[PDB]
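So the structure is just underneath, and the comments pick up after that.
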Amino acid sequence: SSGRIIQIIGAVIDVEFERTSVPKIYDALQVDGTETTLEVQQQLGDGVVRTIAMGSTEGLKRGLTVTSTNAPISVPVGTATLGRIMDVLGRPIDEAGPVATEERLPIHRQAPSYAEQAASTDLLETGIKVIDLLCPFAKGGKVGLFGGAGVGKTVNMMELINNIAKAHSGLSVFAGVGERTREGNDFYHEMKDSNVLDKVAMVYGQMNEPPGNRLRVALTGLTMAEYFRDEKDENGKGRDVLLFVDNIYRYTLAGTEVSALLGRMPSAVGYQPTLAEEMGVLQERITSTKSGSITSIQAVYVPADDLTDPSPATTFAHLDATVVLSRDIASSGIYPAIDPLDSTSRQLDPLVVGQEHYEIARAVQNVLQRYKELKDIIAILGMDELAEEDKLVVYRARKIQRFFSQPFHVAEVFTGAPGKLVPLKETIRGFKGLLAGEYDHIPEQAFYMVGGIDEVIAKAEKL
Amino acid sequence: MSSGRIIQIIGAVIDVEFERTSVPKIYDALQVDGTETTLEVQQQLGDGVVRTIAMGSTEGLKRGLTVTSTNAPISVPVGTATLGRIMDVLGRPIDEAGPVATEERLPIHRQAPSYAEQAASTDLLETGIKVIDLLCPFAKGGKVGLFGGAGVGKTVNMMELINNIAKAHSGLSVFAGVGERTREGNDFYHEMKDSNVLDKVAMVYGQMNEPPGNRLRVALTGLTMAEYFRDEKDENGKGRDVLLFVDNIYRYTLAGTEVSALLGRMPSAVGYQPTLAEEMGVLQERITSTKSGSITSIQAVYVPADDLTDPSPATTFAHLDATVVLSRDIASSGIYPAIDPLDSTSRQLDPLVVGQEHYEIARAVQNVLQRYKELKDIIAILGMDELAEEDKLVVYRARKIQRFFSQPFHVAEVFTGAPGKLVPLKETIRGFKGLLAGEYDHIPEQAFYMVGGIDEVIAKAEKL
Amino acid sequence: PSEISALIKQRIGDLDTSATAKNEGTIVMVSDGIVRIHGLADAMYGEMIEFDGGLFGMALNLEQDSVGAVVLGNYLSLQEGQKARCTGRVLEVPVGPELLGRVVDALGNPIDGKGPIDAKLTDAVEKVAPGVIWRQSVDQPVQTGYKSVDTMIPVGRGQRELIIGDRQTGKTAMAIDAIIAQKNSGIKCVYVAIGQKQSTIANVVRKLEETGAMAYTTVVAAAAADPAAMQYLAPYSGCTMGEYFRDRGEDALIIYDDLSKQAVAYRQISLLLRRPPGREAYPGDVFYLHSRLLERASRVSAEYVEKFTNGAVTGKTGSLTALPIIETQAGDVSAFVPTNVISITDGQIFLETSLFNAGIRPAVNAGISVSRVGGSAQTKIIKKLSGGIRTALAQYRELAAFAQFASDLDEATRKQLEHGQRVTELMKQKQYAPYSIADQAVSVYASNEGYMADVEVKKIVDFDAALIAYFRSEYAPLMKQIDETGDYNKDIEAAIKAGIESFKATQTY
Amino acid sequence: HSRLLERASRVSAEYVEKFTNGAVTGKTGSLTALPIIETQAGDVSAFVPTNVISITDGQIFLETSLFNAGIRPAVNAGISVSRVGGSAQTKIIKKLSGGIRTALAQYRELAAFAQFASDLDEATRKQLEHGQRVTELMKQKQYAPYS
Amino acid sequence: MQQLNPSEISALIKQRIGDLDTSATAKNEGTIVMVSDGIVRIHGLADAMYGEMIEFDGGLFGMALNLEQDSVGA
Amino acid sequence: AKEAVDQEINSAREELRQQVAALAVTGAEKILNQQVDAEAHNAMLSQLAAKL
Amino acid sequence: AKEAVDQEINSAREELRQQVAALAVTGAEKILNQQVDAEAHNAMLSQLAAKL
Amino acid sequence: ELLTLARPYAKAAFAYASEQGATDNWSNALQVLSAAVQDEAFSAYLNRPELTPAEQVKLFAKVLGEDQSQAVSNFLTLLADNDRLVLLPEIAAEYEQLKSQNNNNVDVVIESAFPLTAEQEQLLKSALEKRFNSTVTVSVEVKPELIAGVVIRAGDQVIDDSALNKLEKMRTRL
Ligand SMILES: Nc1ncnc2c1ncn2[C@@H]1O[C@H](COP(=O)(O)OP(=O)(O)OP(=O)(O)O)[C@@H](O)[C@H]1O
Ligand SMILES: [Mg+2]
């Protein structure tokens, strides 16, 4: 009772079976010639099925026998994968020998039930000025990184990685999704020289494989994160784990590719109508739970800097912060180079962050946005013709921008790789003083490339 | 033997089979056996197969169920008793006050009026509202474009129109609610009732809670009602001349797009039905006057997206004859109605239509109102006394004009006391001409406000 | 112990009482919760269908030879060959006041982990609006605790009013806060959530529980992890529960979430049925789809109430007010779906991104937001006192450009500008802080009395709060009486003004 | 396009060395490619441009009017960038390019007021003059490359 | 496969079962098959010309548009 | 809190019944499988025919 | 308190499990009531299902 | 679908054969040709692209032997012209449906766990006669994997006595 190759067109495959013996959806189909594998997409009656090829699309012969597994796609999981890089099938692609474990789990579980949402919202700190002041995180949150091409975004993620690793036994995981493999290799080696791989797991989809593979890498990473969170350690509560999405947009595009060939009609942009279904399927399995939590970071690309179409629209209905990188702030020499005026979080709320921090954020928003709108007239005439009012405002804004300059903990070579991870409370103190004007008598340079008030004062005194 | 059985059902479209020796024609009426739903032949699919639409909900229905025909298009009750009655598209009472009294039934469809019956003359309807009566006179058997948002007294204006046409010209009134929202419909009913005018109008609503076919055919329903009343001859012949009120014809076009899409036919340039102009016309040509009787139309018009070049308003203007627009500011200035006497356009605005002197007078008024409008900004900014005293005279005279164009309404009598005043031309004309002569530049603006003819104005002025 | 053993045995002996001669079908084709089945010649249109796995399905396309039906539960469990079976019934869900404090599925199945629900009554989800003859006008107001809202945009029991705006604009917050204000209204409320993150859903749940108002309240949510059909039908079910009380002569409020989203789901479903697409892939009936839903909510003529009750109740009249929400792309109104929506509601409210970005909380643009129901949806006193705000806000919004200007302009313009700036700021408000109509009343009185036309703008909110507390303490019986009735009387205004001038004389702000 | 450009990159010396089966050891392999995309009315939202941009290492753009402004070549530095950065530049050129980029950014900043050099700041005028000079410095003929 | 020809009609099929040729007086008279919106698909007129006026038992006229292997659209 | 306790009690009280019933039906399946009575086959088909 | 009461109630479900095992073997005869008692004795012979 | 396409041809064939009473002959021919098209070899030989309709028609005549008719040949010709040869068996099936309903006979399919005796089969035939049909066509089937009982299917109509009852009790308990 083995099926055969009956029709192949590009990325869509069909097989005949004996009508009594019919494979169920989402179960693997074994090419009897090669290692290539097929996933069920829909059952075409008469023992006819439609499938997508996991692996190469070569060597294919009409009328070649193929067998099944009668079971969904399961790959090994567990601590025997940390610091190893796997394919979409969980095989060693790092030539580091085979995986050590046999703990294999399927990849199409259901979203966690309603009753098991973490009954309370949480918060996460990063020790980073602009973020922990203006982009708060909930443990279990959803984070978007928009734009940024004159700076090392991967450097930023790796900084967060060192943040969480030193901050918690909670490990980390990244998934290659349409990965610009140059940057992927760079990240791999730089994490390598960081000597931090024990808390990291690697799967790559690198713009070279049938769309299904790049679709499913996301599920793979999801599954790894799930299981790893579920390992309740010595207490009954496992570690809270972190995820890295190479790009959500490529996840959308993976399904977008062959949707029409699937017989699916186009959507409002020509897209796949199952867009929202798969999107929610993805997101709803990323939450905080009664025991443990899982959060993720999503490297976001924006087409032509346009957000007013479904592809980012659907995503936005699932994130919790919109970190939008800034290019000319990098041109201003700022290390993080993150815009301080557009990035937001839904987490900016006095009830969750306290009142003082919230109101400080309010005031800094106001001062920065007011300074921006005076740029033109300042250029036209000069500082003098402005009233004495807002001169201190200009100085304070400039000092704020300097204060945001945070030397990186892990670049290994940008300023010596010095970590700051300053407490939120100390930064609150410093920005409170600056808003009050406690130090509105010092050149902004003293606030540059440093952290708390102690560093600023020491720098100002040394010079 | 006309019983046919259901063969296929999707959404609202319905398919039946019949015997290849007895096949109903298109637009025939099918009553489902054992239920009160009705089917409408759209296109013969051969093999005794017909594709039709349903009229209402479609639930519980199952294939192979027998359905009969009528061998004829839809017919509804018509007659004198139809006034003060609200029926569906099928002409079936929904007021829940007994069945329809008449036994007279007429099919909904008929061909376009004959070229021979187009009356060889074109004259004007008399109204007593003193504004259209000068600036945008209505033809006899014309189409009046109406625009503006709600809350400006649209219902009120319709009230007064109905009152006048029924009173002087003994006109009969028919109103069709295309895509109606129930609440305002009920309010309009209660208004029909309190203001003692319900007894003279025939009412049918199609709600936006119904499949499109209902909404499409209420139009032809009311149309046929009007046709029956007009062709109903009076003593010595000469059946009445009647007015027709229809809401949001744009909704009509939208419902046409609906049914065309449901048929699985490709869209049009914007995406309307490609046949749009066909139904638009079919609506239009049955709106005219004849050698016997006449019909005139009032149609609520909404311009989606403010596109004067959109296909739907473009096709509308192909049949529009006069345009009337309603203002928000003017009403806020306590002037009622709030008709902008500067945007309203009439095809009938020609010395060959209203006569020579009337035409010139109207043109002069338009000039004065313009002139003052561009005066306004300077009056605001650079003061008032920095201008030509003739320009100031223009200002005062235009203010008098605006104060004067509003008037009490006989419908306003029950509203706020103050019984309205009916006024024809040849006094409005004379009074306005005298005002243009400046012979009344010795009187405050108040005598012109909430008042009838110039004789009344002078009476008040002397008494003021 | 042995109790259940007897219970299970006695229940069992009640079954296999006969052999059924049912008519059913079998599976031919499956794709994405969509199944083509063969057989079942006789079938109700839109019949709910059962399947060998215990799941259920909704039949839409009755083609001449087969049936297409959509999975209601979770597919990926069905294979061709398995046999369907119709229920001889249409889709039906339970209702009942016991549903309060309960959270269920769009099918009406508990999700609160509170066990089964003892609903004595179930009803078909799909019905028709009552006869237009059974409509009587709207006069009873509905309170929002939002001075701008309750002043310029009155809301009457049984009216359809639309909140609309762009994204992350607190629209959800607007709905929920409006819900909160129903401590004293005596009405009940239903929240319909569509395609949402269970996290957000649970946060709303927890917050409501903190308010405790989840006792005259019921809520159902079609989250983003749910079958599209579930989401599509859910608002109709919510409408069904509302109509329950409405037909009981009761008055209530319901709220939708993202009718656009459920429209999207319906688009996808229809598309999978190989139906002819419309503009932007939207089947035309979307207009019909929404409209047949919205009109089901209104305020009914008490005569209809009486006749339906068959004498059970005679005094009151039922009502149901509809508060839907639409999210927009960059504040467009020309999009097909919103365009359809607009002509349906009895009034609309916009949210402007910049205002909230400018920190204007709430960020409503009154400049275009209207309510064509007039003052009939306000109380007599508010009906009286709205006009000052109306005209001041007008004048301001025409001539607000002079902010930096008026260093040489005429004084009257300056005074009117200050008036406008102050009153504009007056509406800035925080969530979860509803204003009683008495609070709104004292604020408006102080406004029109100009007793705030002498204080700096930066502390207007502080001024107001202080005044609020001052009256609340000193003159509690007065506001008591006010919100008991809501009538404007010279004695009342004299007492209010005396209190105001005392406050000014007394402790400062 | 993906599987096309994906093939273009630089490899490890070990990879090729084993590929050559040890025939070569020292050198490492590399390959750079340049694709050309033609625009309609300079639109960027076009489908193929959208894709290719999403793929590439970065944009290099040229504006018509600049070629018509005599700017030959007519590079638009306002939008063309490389994620690679100075890492592929020698010490000296990276050392120098900074103030150049800064001046270009400044001049681009004051574009809207470029037609009103009568009431602005003097220092702003100096920045504009510097930008003008460096702009003209970016002119070059054809077939004439520079050491 | 593809949709049915709008010319495969049980009557016509049975007729060809009786005999294939001599259809409708060498196709001098045509019988209507498909009806929608002033557009008529007709079976059985090969003598008919493209662009020809078409007489009707209804006393009306038809315009020849599509001469096809099995049927004619007008 | 107390209501939560009650709900948990009820959840366990109902849950146990499910596995109990599963065990019972497995036993019933075993008994029917050991049952090899085609006499019962004849009797029951005759019974249905009578019901028919 | 929840943990204590649930753990002890759980501990009280095993004697109840054996009880209802007997009682479900007893209920296993109601398959005889499923029929018209075409079989009414096939179960009393069988006790091989003594599981849990 | 495919049945939908087959419909009209079945109608025509049934009408004609009934009008000639040769319905049995056409049914036999239909079975023959259905078996024929079932053959992979015969089809592949038939679908060879170098064959005008005449080739396939005469091939069908040959494989039919001395059983065809001029109406048969015309039918084959017309189907070959539009190449509807593929969906022939469904046409045959519908044709059987038409003869059954026309003669008012109903065909009934019964599966039993144990094999049956003609006594019981006649009893059931009588019983379904009391179900008020004209005549019945019984096709029995042994299904010992079914626990017991006889399951009877008349189109959409089904009656059960087997394991399904148990499934019902389990769902009931839950
Ligand atoms: N008046 C107010 N004062 C303080 N905070 C407020 C106020 N109004 C709203 N917010 C805050 O703004 C946040 C965002 O609003 P909300 O999430 O309701 O927008 P939304 O449009 O519902 O989002 P989405 O579009 O994702 O559904 C809320 O978390 C709420 O706490
Ligand atoms: Mg929301």
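Counting starts with 1 at the first residue shown.
How was it done? The header gives electron microscopy, 4.3 Å.
Keep in mind that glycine also has a Cβ here, set from the backbone N, Cα and C atoms.
For C:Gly165, C:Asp166, C:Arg167, C:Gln168, C:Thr169, C:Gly170, C:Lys171, C:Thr172, the entry in Swiss-Prot reads ATP binding site. According to DSSP, C:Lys171 (ATP binding site) is assigned to a helical segment. Here the Cβ of C:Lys171 (ATP binding site) has 20 other Cβ atoms within 10 Å, regardless of which shown protein chain they belong to.
Residues near C:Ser369 (site 'Required for activity') in space but far in sequence (CB under 8 A, at least 6 apart, same chain), listed by position: C:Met152, C:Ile153, C:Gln348, C:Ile349, C:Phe350. In the three-state DSSP reading, C:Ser369 (site 'Required for activity') counts as coil. Residues or ranges marked as site 'Required for activity' in Swiss-Prot (evidence: sequence analysis): C:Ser369.
Ranking the binding-site residues C:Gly165, C:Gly170 by how many other Cβ atoms lie within 10 angstroms of each Cβ puts C:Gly170 at the bottom. In this structure, none of the recorded positions C:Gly165, C:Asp166, C:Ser369 sits close to ligand 1 with a C-beta under 6 angstroms from any of its atoms.
Cβ packing within 10 Å was compared across the binding-site residues C:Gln168, C:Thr169, C:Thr172, and the lowest neighbour count falls to C:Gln168.
Ligand 2 lies under 6 Å from the Cβ of none of the recorded positions C:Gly165, C:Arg167, C:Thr169, C:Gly170, C:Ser369. Neighbour density for C:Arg167 (ATP binding site): within 10 A of its CB lie 15 other CB atoms from the protein chains shown. Residues within less than 8 Å, Cβ to Cβ, of C:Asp166 (ATP binding site) and separated from it by at least 6 positions along the same chain comprise C:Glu327, C:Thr328, C:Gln329, C:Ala330, C:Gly331, C:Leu351, C:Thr353.
The residues near the ATP site, meaning same-chain residues not in C:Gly165, C:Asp166, C:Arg167, C:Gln168, C:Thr169, C:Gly170, C:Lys171, C:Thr172 whose C-beta sits within 8 angstroms of the mean position of the site's C-beta atoms, are C:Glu327, C:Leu351, in sequence order. C:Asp166 (ATP binding site) carries neither a helix nor a strand DSSP state and counts as coil. Applying an under-8 Å Cβ distance to chain A, the recorded positions C:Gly165, C:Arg167, C:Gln168, C:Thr169, C:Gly170, C:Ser369 reduce to C:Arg167, C:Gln168.
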